[PDB]
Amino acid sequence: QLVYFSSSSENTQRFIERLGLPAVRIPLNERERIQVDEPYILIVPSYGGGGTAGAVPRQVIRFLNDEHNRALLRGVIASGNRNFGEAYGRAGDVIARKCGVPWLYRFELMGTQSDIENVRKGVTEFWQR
């Protein structure tokens, strides 16, 4: 299955809506409960500030701090913008190196139809192996 986070701008939210696949959202509210029972691929936007870059949002950190949630993580897809250079999809590889999961795909904003097509085909082939 899929787990994702989206800010009030809702770029990742609109990506999931146009994707069609069943997915659960990490709550926008800071102090809300979030647990998953089935293994998942995570979709995260990037929010790197300046120096000490906090590219991974607080809600995603609070979600991954749970040992039950972290154990069911199998892959990560990164959302963002190419215009940020080497920081494009920075949240992806940060979680990928910390949790020891592969970084699968990178897309921009709410994702084009090409991004939706590549995820559908990429996800289904990933679970079968």
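Each residue number is its position in the shown sequence, starting from 1.
When the C-alpha temperature factors are averaged for each of 84-92 and 48-56, which stretch ends up with the higher value in the entry? Per the PDB record, 48-56.
So, looking at the entry's B-factor column for Cα atoms, which has the higher mean, 30-38 or 72-80? Stretch with the higher mean C-alpha B-factor: 30-38.
Chain-wide C-alpha B factor ranking for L104, given as lowest, middle or highest third: Middle third - that is where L104 ends up once the chain's C-alpha B-factors are sorted.
Give the position of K121 by CA B-factor within its chain, expressed as the lowest, middle or highest third. Highest third - that is where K121 ends up once the chain's C-alpha B-factors are sorted.
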